[PDB]
file data_21.pdb (PDB, C-alpha atoms)
MODEL        1
ATOM      1  CA  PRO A   1      29.555 -50.397-115.037  1.00  0.00           C
ATOM      2  CA  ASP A   2      28.262 -47.311-116.848  1.00  0.00           C
ATOM      3  CA  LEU A   3      25.943 -49.307-119.109  1.00  0.00           C
ATOM      4  CA  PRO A   4      22.559 -48.428-117.552  1.00  0.00           C
ATOM      5  CA  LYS A   5      23.754 -45.083-116.190  1.00  0.00           C
ATOM      6  CA  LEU A   6      24.542 -44.121-119.786  1.00  0.00           C
ATOM      7  CA  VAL A   7      21.185 -45.326-121.112  1.00  0.00           C
ATOM      8  CA  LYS A   8      19.228 -43.169-118.666  1.00  0.00           C
ATOM      9  CA  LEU A   9      20.353 -40.194-120.754  1.00  0.00           C
ATOM     10  CA  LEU A  10      18.748 -41.630-123.889  1.00  0.00           C
ATOM     11  CA  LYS A  11      15.447 -41.153-122.061  1.00  0.00           C
ATOM     12  CA  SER A  12      16.363 -37.776-120.568  1.00  0.00           C
ATOM     13  CA  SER A  13      15.292 -34.581-122.334  1.00  0.00           C
ATOM     14  CA  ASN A  14      18.592 -32.699-122.149  1.00  0.00           C
ATOM     15  CA  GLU A  15      19.891 -32.763-125.723  1.00  0.00           C
ATOM     16  CA  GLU A  16      23.483 -32.040-124.699  1.00  0.00           C
ATOM     17  CA  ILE A  17      23.316 -35.017-122.338  1.00  0.00           C
ATOM     18  CA  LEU A  18      21.382 -37.174-124.802  1.00  0.00           C
ATOM     19  CA  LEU A  19      23.651 -36.665-127.813  1.00  0.00           C
ATOM     20  CA  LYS A  20      26.720 -37.175-125.622  1.00  0.00           C
ATOM     21  CA  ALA A  21      25.246 -40.537-124.628  1.00  0.00           C
ATOM     22  CA  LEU A  22      24.038 -41.258-128.163  1.00  0.00           C
ATOM     23  CA  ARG A  23      27.452 -42.009-129.662  1.00  0.00           C
ATOM     24  CA  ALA A  24      28.999 -43.805-126.687  1.00  0.00           C
ATOM     25  CA  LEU A  25      26.783 -46.882-126.975  1.00  0.00           C
ATOM     26  CA  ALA A  26      27.963 -46.968-130.589  1.00  0.00           C
ATOM     27  CA  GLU A  27      31.711 -47.049-129.948  1.00  0.00           C
ATOM     28  CA  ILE A  28      31.023 -49.693-127.302  1.00  0.00           C
ATOM     29  CA  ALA A  29      28.574 -51.582-129.515  1.00  0.00           C
ATOM     30  CA  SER A  30      31.327 -52.254-132.052  1.00  0.00           C
ATOM     31  CA  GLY A  31      33.714 -53.420-129.348  1.00  0.00           C
ATOM     32  CA  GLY A  32      33.312 -57.102-130.125  1.00  0.00           C
ATOM     33  CA  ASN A  33      30.555 -59.706-130.292  1.00  0.00           C
ATOM     34  CA  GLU A  34      30.735 -60.426-126.561  1.00  0.00           C
ATOM     35  CA  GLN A  35      30.436 -56.669-126.048  1.00  0.00           C
ATOM     36  CA  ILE A  36      27.342 -56.499-128.252  1.00  0.00           C
ATOM     37  CA  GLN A  37      25.514 -58.695-125.742  1.00  0.00           C
ATOM     38  CA  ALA A  38      26.365 -56.306-122.907  1.00  0.00           C
ATOM     39  CA  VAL A  39      24.692 -53.435-124.757  1.00  0.00           C
ATOM     40  CA  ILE A  40      21.459 -55.376-125.252  1.00  0.00           C
ATOM     41  CA  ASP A  41      20.776 -56.105-121.582  1.00  0.00           C
ATOM     42  CA  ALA A  42      21.984 -52.565-120.896  1.00  0.00           C
ATOM     43  CA  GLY A  43      18.696 -51.367-122.356  1.00  0.00           C
ATOM     44  CA  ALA A  44      19.843 -49.481-125.444  1.00  0.00           C
ATOM     45  CA  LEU A  45      17.961 -51.545-128.025  1.00  0.00           C
ATOM     46  CA  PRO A  46      14.664 -49.706-127.396  1.00  0.00           C
ATOM     47  CA  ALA A  47      16.258 -46.399-126.402  1.00  0.00           C
ATOM     48  CA  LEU A  48      18.046 -46.166-129.752  1.00  0.00           C
ATOM     49  CA  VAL A  49      14.957 -47.217-131.707  1.00  0.00           C
ATOM     50  CA  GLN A  50      13.049 -44.296-130.195  1.00  0.00           C
ATOM     51  CA  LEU A  51      15.650 -42.045-131.818  1.00  0.00           C
ATOM     52  CA  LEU A  52      14.629 -43.419-135.215  1.00  0.00           C
ATOM     53  CA  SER A  53      11.582 -41.149-135.016  1.00  0.00           C
ATOM     54  CA  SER A  54      13.586 -37.963-134.469  1.00  0.00           C
ATOM     55  CA  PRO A  55      13.850 -34.836-136.659  1.00  0.00           C
ATOM     56  CA  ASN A  56      17.436 -33.952-135.754  1.00  0.00           C
ATOM     57  CA  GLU A  57      19.583 -35.589-138.434  1.00  0.00           C
ATOM     58  CA  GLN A  58      22.588 -35.637-136.103  1.00  0.00           C
ATOM     59  CA  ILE A  59      20.573 -37.816-133.726  1.00  0.00           C
ATOM     60  CA  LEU A  60      19.295 -40.244-136.358  1.00  0.00           C
ATOM     61  CA  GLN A  61      22.699 -40.522-138.033  1.00  0.00           C
ATOM     62  CA  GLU A  62      24.043 -41.693-134.674  1.00  0.00           C
ATOM     63  CA  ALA A  63      21.086 -43.857-133.655  1.00  0.00           C
ATOM     64  CA  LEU A  64      21.558 -45.837-136.870  1.00  0.00           C
ATOM     65  CA  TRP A  65      25.311 -46.122-136.327  1.00  0.00           C
ATOM     66  CA  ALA A  66      24.969 -47.666-132.868  1.00  0.00           C
ATOM     67  CA  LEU A  67      22.028 -49.821-133.952  1.00  0.00           C
ATOM     68  CA  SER A  68      23.901 -51.058-137.023  1.00  0.00           C
ATOM     69  CA  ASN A  69      26.877 -52.234-134.966  1.00  0.00           C
ATOM     70  CA  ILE A  70      24.682 -54.252-132.607  1.00  0.00           C
ATOM     71  CA  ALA A  71      22.849 -55.639-135.637  1.00  0.00           C
ATOM     72  CA  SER A  72      26.181 -57.054-136.805  1.00  0.00           C
ATOM     73  CA  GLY A  73      26.385 -59.326-133.776  1.00  0.00           C
ATOM     74  CA  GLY A  74      26.011 -63.066-133.330  1.00  0.00           C
ATOM     75  CA  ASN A  75      22.982 -65.107-134.366  1.00  0.00           C
ATOM     76  CA  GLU A  76      21.510 -64.854-130.868  1.00  0.00           C
ATOM     77  CA  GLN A  77      22.622 -61.243-130.427  1.00  0.00           C
ATOM     78  CA  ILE A  78      20.831 -60.231-133.626  1.00  0.00           C
ATOM     79  CA  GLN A  79      17.613 -61.774-132.310  1.00  0.00           C
ATOM     80  CA  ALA A  80      17.723 -59.398-129.342  1.00  0.00           C
ATOM     81  CA  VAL A  81      17.323 -56.494-131.765  1.00  0.00           C
ATOM     82  CA  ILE A  82      14.392 -58.211-133.470  1.00  0.00           C
ATOM     83  CA  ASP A  83      12.673 -58.693-130.113  1.00  0.00           C
ATOM     84  CA  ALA A  84      13.002 -54.984-129.339  1.00  0.00           C
ATOM     85  CA  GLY A  85      10.751 -53.468-131.987  1.00  0.00           C
ATOM     86  CA  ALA A  86      13.421 -52.149-134.342  1.00  0.00           C
ATOM     87  CA  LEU A  87      12.002 -54.198-137.214  1.00  0.00           C
ATOM     88  CA  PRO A  88       8.813 -52.199-137.911  1.00  0.00           C
ATOM     89  CA  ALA A  89      10.906 -49.080-137.317  1.00  0.00           C
ATOM     90  CA  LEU A  90      14.233 -49.467-139.121  1.00  0.00           C
ATOM     91  CA  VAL A  91      12.304 -50.529-142.223  1.00  0.00           C
ATOM     92  CA  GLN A  92      10.238 -47.336-142.180  1.00  0.00           C
ATOM     93  CA  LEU A  93      13.509 -45.421-142.507  1.00  0.00           C
ATOM     94  CA  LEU A  94      14.053 -47.133-145.861  1.00  0.00           C
ATOM     95  CA  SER A  95      11.378 -44.793-147.215  1.00  0.00           C
ATOM     96  CA  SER A  96      13.186 -41.572-146.310  1.00  0.00           C
ATOM     97  CA  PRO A  97      14.364 -38.618-148.439  1.00  0.00           C
ATOM     98  CA  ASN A  98      17.715 -38.128-146.707  1.00  0.00           C
ATOM     99  CA  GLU A  99      20.522 -40.171-148.265  1.00  0.00           C
ATOM    100  CA  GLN A 100      22.458 -40.624-145.022  1.00  0.00           C
ATOM    101  CA  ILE A 101      19.453 -41.850-143.041  1.00  0.00           C
ATOM    102  CA  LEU A 102      18.425 -44.379-145.690  1.00  0.00           C
ATOM    103  CA  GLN A 103      22.073 -45.401-146.019  1.00  0.00           C
ATOM    104  CA  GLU A 104      22.618 -46.264-142.355  1.00  0.00           C
ATOM    105  CA  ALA A 105      19.050 -47.516-141.941  1.00  0.00           C
ATOM    106  CA  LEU A 106      19.754 -50.072-144.668  1.00  0.00           C
ATOM    107  CA  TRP A 107      23.044 -51.214-143.140  1.00  0.00           C
ATOM    108  CA  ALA A 108      21.255 -52.077-139.896  1.00  0.00           C
ATOM    109  CA  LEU A 109      18.648 -54.059-141.830  1.00  0.00           C
ATOM    110  CA  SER A 110      21.249 -55.920-143.890  1.00  0.00           C
ATOM    111  CA  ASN A 111      23.297 -56.814-140.812  1.00  0.00           C
ATOM    112  CA  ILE A 112      20.231 -58.367-139.183  1.00  0.00           C
ATOM    113  CA  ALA A 113      18.914 -60.001-142.355  1.00  0.00           C
ATOM    114  CA  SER A 114      22.211 -61.896-142.426  1.00  0.00           C
ATOM    115  CA  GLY A 115      21.106 -64.185-139.612  1.00  0.00           C
ATOM    116  CA  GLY A 116      20.296 -67.852-139.146  1.00  0.00           C
ATOM    117  CA  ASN A 117      17.391 -69.795-140.629  1.00  0.00           C
ATOM    118  CA  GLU A 118      14.927 -69.131-137.808  1.00  0.00           C
ATOM    119  CA  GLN A 119      16.166 -65.535-137.846  1.00  0.00           C
ATOM    120  CA  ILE A 120      15.509 -65.136-141.570  1.00  0.00           C
ATOM    121  CA  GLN A 121      12.012 -66.618-141.384  1.00  0.00           C
ATOM    122  CA  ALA A 122      11.202 -63.923-138.825  1.00  0.00           C
ATOM    123  CA  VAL A 123      12.073 -61.195-141.328  1.00  0.00           C
ATOM    124  CA  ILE A 124       9.938 -62.728-144.076  1.00  0.00           C
ATOM    125  CA  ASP A 125       6.901 -62.981-141.800  1.00  0.00           C
ATOM    126  CA  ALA A 126       7.319 -59.317-140.868  1.00  0.00           C
ATOM    127  CA  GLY A 127       6.473 -58.484-144.469  1.00  0.00           C
ATOM    128  CA  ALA A 128       9.762 -57.021-145.676  1.00  0.00           C
ATOM    129  CA  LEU A 129       9.932 -59.332-148.693  1.00  0.00           C
ATOM    130  CA  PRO A 130       8.172 -57.137-151.287  1.00  0.00           C
ATOM    131  CA  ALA A 131       9.156 -53.876-149.597  1.00  0.00           C
ATOM    132  CA  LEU A 132      12.752 -54.716-150.512  1.00  0.00           C
ATOM    133  CA  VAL A 133      11.888 -55.913-154.018  1.00  0.00           C
ATOM    134  CA  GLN A 134      10.662 -52.434-154.940  1.00  0.00           C
ATOM    135  CA  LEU A 135      13.997 -51.007-153.795  1.00  0.00           C
ATOM    136  CA  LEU A 136      15.744 -53.174-156.387  1.00  0.00           C
ATOM    137  CA  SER A 137      14.319 -50.799-158.994  1.00  0.00           C
ATOM    138  CA  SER A 138      15.647 -47.540-157.549  1.00  0.00           C
ATOM    139  CA  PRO A 139      17.845 -44.760-158.993  1.00  0.00           C
ATOM    140  CA  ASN A 140      20.054 -44.425-155.915  1.00  0.00           C
ATOM    141  CA  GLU A 141      22.563 -47.230-156.468  1.00  0.00           C
ATOM    142  CA  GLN A 142      23.596 -46.803-152.832  1.00  0.00           C
ATOM    143  CA  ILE A 143      20.185 -48.023-151.674  1.00  0.00           C
ATOM    144  CA  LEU A 144      19.989 -50.630-154.435  1.00  0.00           C
ATOM    145  CA  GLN A 145      23.185 -52.284-153.204  1.00  0.00           C
ATOM    146  CA  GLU A 146      22.164 -52.642-149.558  1.00  0.00           C
ATOM    147  CA  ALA A 147      18.782 -53.799-150.855  1.00  0.00           C
ATOM    148  CA  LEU A 148      20.530 -56.870-152.263  1.00  0.00           C
ATOM    149  CA  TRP A 149      22.081 -57.749-148.904  1.00  0.00           C
ATOM    150  CA  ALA A 150      18.696 -58.432-147.310  1.00  0.00           C
ATOM    151  CA  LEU A 151      17.285 -60.360-150.270  1.00  0.00           C
ATOM    152  CA  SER A 152      20.460 -62.399-150.744  1.00  0.00           C
ATOM    153  CA  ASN A 153      20.820 -63.037-147.011  1.00  0.00           C
ATOM    154  CA  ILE A 154      17.209 -64.227-146.923  1.00  0.00           C
ATOM    155  CA  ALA A 155      18.016 -66.716-149.682  1.00  0.00           C
ATOM    156  CA  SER A 156      21.159 -67.977-147.948  1.00  0.00           C
ATOM    157  CA  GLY A 157      19.776 -71.104-146.312  1.00  0.00           C
ATOM    158  CA  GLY A 158      17.640 -74.183-146.841  1.00  0.00           C
ATOM    159  CA  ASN A 159      15.574 -74.574-150.002  1.00  0.00           C
ATOM    160  CA  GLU A 160      12.407 -73.400-148.255  1.00  0.00           C
ATOM    161  CA  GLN A 161      14.146 -70.214-147.115  1.00  0.00           C
ATOM    162  CA  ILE A 162      15.133 -69.463-150.710  1.00  0.00           C
ATOM    163  CA  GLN A 163      11.469 -69.874-151.642  1.00  0.00           C
ATOM    164  CA  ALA A 164      10.491 -66.863-149.534  1.00  0.00           C
ATOM    165  CA  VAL A 165      12.520 -64.776-151.983  1.00  0.00           C
ATOM    166  CA  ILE A 166      11.078 -66.481-155.060  1.00  0.00           C
ATOM    167  CA  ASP A 167       7.452 -66.094-153.980  1.00  0.00           C
ATOM    168  CA  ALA A 168       8.105 -62.401-153.347  1.00  0.00           C
ATOM    169  CA  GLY A 169       9.083 -61.951-156.982  1.00  0.00           C
ATOM    170  CA  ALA A 170      12.875 -61.826-156.885  1.00  0.00           C
ATOM    171  CA  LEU A 171      13.164 -64.278-159.778  1.00  0.00           C
ATOM    172  CA  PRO A 172      12.202 -61.613-162.351  1.00  0.00           C
ATOM    173  CA  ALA A 173      13.697 -58.701-160.416  1.00  0.00           C
ATOM    174  CA  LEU A 174      17.132 -60.323-160.606  1.00  0.00           C
ATOM    175  CA  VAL A 175      16.638 -61.135-164.289  1.00  0.00           C
ATOM    176  CA  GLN A 176      16.116 -57.440-165.015  1.00  0.00           C
ATOM    177  CA  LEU A 177      18.773 -55.935-162.746  1.00  0.00           C
ATOM    178  CA  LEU A 178      21.179 -58.466-164.254  1.00  0.00           C
ATOM    179  CA  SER A 179      21.120 -56.345-167.410  1.00  0.00           C
ATOM    180  CA  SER A 180      23.200 -53.453-166.076  1.00  0.00           C
ATOM    181  CA  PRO A 181      26.389 -51.781-167.372  1.00  0.00           C
ATOM    182  CA  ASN A 182      27.551 -51.545-163.758  1.00  0.00           C
ATOM    183  CA  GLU A 183      30.072 -54.124-162.547  1.00  0.00           C
ATOM    184  CA  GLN A 184      29.026 -53.761-158.907  1.00  0.00           C
ATOM    185  CA  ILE A 185      25.485 -54.773-159.850  1.00  0.00           C
ATOM    186  CA  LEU A 186      26.450 -57.356-162.470  1.00  0.00           C
ATOM    187  CA  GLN A 187      28.140 -59.314-159.681  1.00  0.00           C
ATOM    188  CA  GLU A 188      25.707 -58.580-156.850  1.00  0.00           C
ATOM    189  CA  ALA A 189      22.696 -59.716-158.877  1.00  0.00           C
ATOM    190  CA  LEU A 190      24.508 -62.939-159.773  1.00  0.00           C
ATOM    191  CA  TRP A 191      25.472 -63.563-156.148  1.00  0.00           C
ATOM    192  CA  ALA A 192      21.738 -63.748-155.450  1.00  0.00           C
ATOM    193  CA  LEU A 193      20.533 -65.893-158.351  1.00  0.00           C
ATOM    194  CA  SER A 194      23.494 -68.255-158.010  1.00  0.00           C
ATOM    195  CA  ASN A 195      22.412 -68.740-154.396  1.00  0.00           C
ATOM    196  CA  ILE A 196      18.770 -69.290-155.343  1.00  0.00           C
ATOM    197  CA  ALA A 197      19.775 -71.824-157.994  1.00  0.00           C
ATOM    198  CA  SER A 198      21.647 -73.910-155.424  1.00  0.00           C
ATOM    199  CA  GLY A 199      18.752 -75.995-154.137  1.00  0.00           C
ATOM    200  CA  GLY A 200      16.874 -79.009-155.443  1.00  0.00           C
ATOM    201  CA  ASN A 201      15.046 -79.844-158.664  1.00  0.00           C
ATOM    202  CA  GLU A 202      12.209 -77.617-157.452  1.00  0.00           C
ATOM    203  CA  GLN A 203      14.602 -74.761-156.692  1.00  0.00           C
ATOM    204  CA  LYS A 204      16.444 -75.058-160.008  1.00  0.00           C
ATOM    205  CA  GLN A 205      13.308 -75.098-162.159  1.00  0.00           C
ATOM    206  CA  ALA A 206      12.198 -71.971-160.301  1.00  0.00           C
ATOM    207  CA  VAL A 207      15.319 -70.199-161.561  1.00  0.00           C
ATOM    208  CA  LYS A 208      14.771 -71.236-165.178  1.00  0.00           C
ATOM    209  CA  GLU A 209      11.490 -69.314-165.080  1.00  0.00           C
ATOM    210  CA  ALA A 210      13.373 -66.157-164.104  1.00  0.00           C
ATOM    211  CA  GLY A 211      15.564 -65.666-167.159  1.00  0.00           C
ATOM    212  CA  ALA A 212      19.118 -65.721-165.826  1.00  0.00           C
ATOM    213  CA  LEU A 213      19.589 -68.625-168.238  1.00  0.00           C
ATOM    214  CA  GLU A 214      20.817 -65.951-170.647  1.00  0.00           C
ATOM    215  CA  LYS A 215      22.607 -63.548-168.303  1.00  0.00           C
ATOM    216  CA  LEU A 216      24.594 -66.574-167.134  1.00  0.00           C
ATOM    217  CA  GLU A 217      25.324 -67.793-170.662  1.00  0.00           C
ATOM    218  CA  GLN A 218      26.476 -64.361-171.830  1.00  0.00           C
ATOM    219  CA  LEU A 219      28.717 -63.996-168.778  1.00  0.00           C
ATOM    220  CA  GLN A 220      30.537 -67.130-169.930  1.00  0.00           C
ATOM    221  CA  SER A 221      32.524 -64.811-172.198  1.00  0.00           C
ATOM    222  CA  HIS A 222      33.140 -62.115-169.585  1.00  0.00           C
ATOM    223  CA  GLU A 223      36.454 -60.331-169.032  1.00  0.00           C
ATOM    224  CA  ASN A 224      36.730 -61.098-165.316  1.00  0.00           C
ATOM    225  CA  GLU A 225      38.133 -64.568-164.638  1.00  0.00           C
ATOM    226  CA  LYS A 226      36.369 -65.210-161.329  1.00  0.00           C
ATOM    227  CA  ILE A 227      33.013 -64.131-162.753  1.00  0.00           C
ATOM    228  CA  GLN A 228      33.602 -66.440-165.716  1.00  0.00           C
ATOM    229  CA  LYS A 229      34.118 -69.391-163.373  1.00  0.00           C
ATOM    230  CA  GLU A 230      31.088 -68.714-161.173  1.00  0.00           C
ATOM    231  CA  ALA A 231      28.941 -68.353-164.292  1.00  0.00           C
ATOM    232  CA  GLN A 232      30.106 -71.685-165.710  1.00  0.00           C
ATOM    233  CA  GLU A 233      29.631 -73.531-162.418  1.00  0.00           C
ATOM    234  CA  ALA A 234      26.226 -71.891-161.988  1.00  0.00           C
ATOM    235  CA  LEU A 235      25.134 -72.850-165.503  1.00  0.00           C
ATOM    236  CA  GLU A 236      26.122 -76.507-165.163  1.00  0.00           C
ATOM    237  CA  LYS A 237      23.983 -76.641-162.020  1.00  0.00           C
ATOM    238  CA  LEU A 238      20.942 -75.648-164.079  1.00  0.00           C
ATOM    239  CA  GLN A 239      21.637 -78.408-166.603  1.00  0.00           C
TER
ENDMDL
END
call {"tool": "encode", "arguments": {"input": "data_21.pdb", "output": "structure tokens"}}
result
Amino acid sequence: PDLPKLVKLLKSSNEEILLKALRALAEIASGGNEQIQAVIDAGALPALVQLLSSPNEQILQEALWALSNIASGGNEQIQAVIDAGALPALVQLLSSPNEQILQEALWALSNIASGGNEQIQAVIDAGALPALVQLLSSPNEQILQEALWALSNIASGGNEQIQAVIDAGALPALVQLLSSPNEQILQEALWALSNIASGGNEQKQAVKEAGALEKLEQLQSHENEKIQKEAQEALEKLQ
């Protein structure tokens, strides 16, 4: 196969040869879950990461594309990326001026964040809990959206898991963002809270402290039918 032979370029200096072998891994990365595993062993996980710290936008834009695909693999596959050193790197991209870089960089993070329990706990320990919370209060809606993926994903498991998001300070963050004239956010925010308020007596009470108690009550009389149902079902859970 041309898996390793293609990776060698990533290390090479020749730009023409590097770039040419910077998109390939991508097209192949998104060739199916089973294919995602082939890329890992191939030795592209680290190679791509190294590109994260590159000036050339064309290079980064690609590095994130290929990395994102692999990040959208299976539970085990995703772990491979976490055990490569792309965690303390991809996150750094979040704090970038370029819109494209931050855009793709976020996608890769969201894809990974959407892992299993053990996988999620790994992200929390890394220290990306608060770092994401701050993003919630950003002007660029594009970044704000993806920012919800991670948070939500993190609170998509056992009660304890959901706690990691509460301790960070998502309770209030969601309560504020909830008050937005945007429909994309009005739903996203809810998707998170609703998930956090789906635990036990300890998890529920934690939500009451937030403030959604109102945002959920007001939604009861919303235009959208689906949103009206989710709000009602979510409210009853609190009571």
call {"tool": "atom_distance", "arguments": {"input": "data_21.pdb", "atom1": "atom CA of residue 208 of chain A", "atom2": "atom CA of residue 238 of chain A"}}
result
7.7 Å
call {"tool": "atom_distance", "arguments": {"input": "data_21.pdb", "atom1": "atom CA of residue 105 of chain A", "atom2": "atom CA of residue 36 of chain A"}}
result
18.4 Å
call {"tool": "residues_around", "arguments": {"input": "data_21.pdb", "residues": "residue 200 of chain A", "least_positions_apart": "4", "cutoff": "12 Å", "atoms": "only C-alpha atoms", "output": "number ranges by chain"}}
result
A: 158-160, 162-163, 195-196, 204-207, 237-238
call {"tool": "atom_distance", "arguments": {"input": "data_21.pdb", "atom1": "atom CA of residue 67 of chain A", "atom2": "atom CA of residue 126 of chain A"}}
result
18.8 Å
call {"tool": "resolve_selection", "arguments": {"input": "data_21.pdb", "expression": "the PyMOL selection byres ((chain A and resi 4) around 9)", "output": "list in words"}}
result
residues 1, 2, 3, 5, 6, 7, 8, 41, 42, 43 and 44 of chain A
call {"tool": "write_last_selection", "arguments": {"input": "data_21.pdb", "atoms": "C-alpha atoms", "output": "PDB file, keeping the file's coordinate frame"}}
result
ATOM      1  CA  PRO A   1      29.555 -50.397-115.037  1.00  0.00           C
ATOM      2  CA  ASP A   2      28.262 -47.311-116.848  1.00  0.00           C
ATOM      3  CA  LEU A   3      25.943 -49.307-119.109  1.00  0.00           C
ATOM      4  CA  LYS A   5      23.754 -45.083-116.190  1.00  0.00           C
ATOM      5  CA  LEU A   6      24.542 -44.121-119.786  1.00  0.00           C
ATOM      6  CA  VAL A   7      21.185 -45.326-121.112  1.00  0.00           C
ATOM      7  CA  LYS A   8      19.228 -43.169-118.666  1.00  0.00           C
ATOM      8  CA  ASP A  41      20.776 -56.105-121.582  1.00  0.00           C
ATOM      9  CA  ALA A  42      21.984 -52.565-120.896  1.00  0.00           C
ATOM     10  CA  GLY A  43      18.696 -51.367-122.356  1.00  0.00           C
ATOM     11  CA  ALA A  44      19.843 -49.481-125.444  1.00  0.00           C
TER      12      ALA A  44
END
call {"tool": "closest_residue", "arguments": {"input": "data_21.pdb", "among": "A:165, A:81, A:102, A:60", "to": "residue 19 of chain A", "atoms": "only C-alpha atoms"}}
result
A:60
call {"tool": "decode", "arguments": {"input": "data_21.pdb", "residues": "segment 191-236 of chain A", "atoms": "C-alpha atoms", "output": "tab-separated table (two decimals), in the first residue's frame"}}
result
chain	number	residue	atom	x	y	z
A	191	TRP	CA	-30.15	20.69	23.31
A	192	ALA	CA	-27.45	21.10	25.96
A	193	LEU	CA	-29.53	21.99	29.02
A	194	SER	CA	-32.15	19.37	28.17
A	195	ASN	CA	-29.31	16.84	28.18
A	196	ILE	CA	-27.90	18.12	31.48
A	197	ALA	CA	-31.35	17.98	33.07
A	198	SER	CA	-31.71	14.30	32.19
A	199	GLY	CA	-29.96	12.80	35.20
A	200	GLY	CA	-30.94	12.20	38.81
A	201	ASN	CA	-32.29	14.36	41.62
A	202	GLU	CA	-28.78	15.79	41.99
A	203	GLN	CA	-28.54	16.52	38.27
A	204	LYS	CA	-31.99	18.11	38.09
A	205	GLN	CA	-31.48	20.43	41.06
A	206	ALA	CA	-28.24	21.54	39.42
A	207	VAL	CA	-30.25	22.75	36.43
A	208	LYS	CA	-32.73	24.70	38.54
A	209	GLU	CA	-29.81	26.81	39.76
A	210	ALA	CA	-28.99	27.74	36.17
A	211	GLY	CA	-32.15	29.58	35.17
A	212	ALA	CA	-33.50	27.66	32.19
A	213	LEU	CA	-36.62	27.25	34.33
A	214	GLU	CA	-37.82	30.37	32.52
A	215	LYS	CA	-36.36	29.88	29.04
A	216	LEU	CA	-38.12	26.50	29.07
A	217	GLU	CA	-41.41	27.92	30.33
A	218	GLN	CA	-41.43	30.72	27.75
A	219	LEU	CA	-40.66	28.24	24.96
A	220	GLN	CA	-43.88	26.44	25.87
A	221	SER	CA	-45.62	29.02	23.68
A	222	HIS	CA	-43.13	28.86	20.81
A	223	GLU	CA	-44.06	28.77	17.12
A	224	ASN	CA	-42.11	25.61	16.27
A	225	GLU	CA	-44.02	22.44	17.14
A	226	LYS	CA	-41.02	20.20	17.84
A	227	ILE	CA	-39.41	22.82	20.08
A	228	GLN	CA	-42.71	23.16	21.94
A	229	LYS	CA	-42.75	19.42	22.65
A	230	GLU	CA	-39.14	19.18	23.81
A	231	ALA	CA	-39.70	22.16	26.10
A	232	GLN	CA	-42.78	20.59	27.69
A	233	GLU	CA	-41.11	17.21	28.18
A	234	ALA	CA	-38.01	18.94	29.56
A	235	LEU	CA	-40.06	21.02	32.00
A	236	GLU	CA	-42.01	18.07	33.39
